[PDB]
């Protein structure tokens, strides 16, 4: 499972949002992360490309990771989801008797509202 915080947020234009995702029960290490945004009413999630206003940080040892969205706009109002992978490619794995998982799972989402400027 992934504990994603904050579940909701309201920001002014120009502020930033930090989303934290903590991965629990992963048999192995964190082998991949992705971020998706969903606009209300649409069918598909949109994969987010890191490197501009989207900046990611990964704490491999804590099996946690975060995203910061800079320079918020009303166009950024949306729901945001983190997705975490864990599989045997990441070397330190727990035994199977521990009832831990390999695979991928999503956080429960951050509903971001950005208010207009002025």
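Numbering follows the first chain given and starts at 1.
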- Comparing 8-16 with 91-99, which has the greater mean CA B-factor as deposited? 91-99
- Higher avg CA temperature factor (37-45 vs 78-86, as deposited) belongs to 37-45
- Could you tell me which third, lowest, middle or highest, the C-alpha B-factor of residue 55 occupies within its chain? lowest
- Task: Sorting the chain's modelled residues by C-alpha B-factor, tell me whether residue 115 ends up in the lowest, middle or highest third.
- Result: highest
- Sorting the chain's modelled residues by C-alpha B-factor, tell me whether residue 62 ends up in the lowest, middle or highest third. highest
- Sorting the chain's CA B-factors, does residue 30 end up in the lowest, middle or highest third? middle
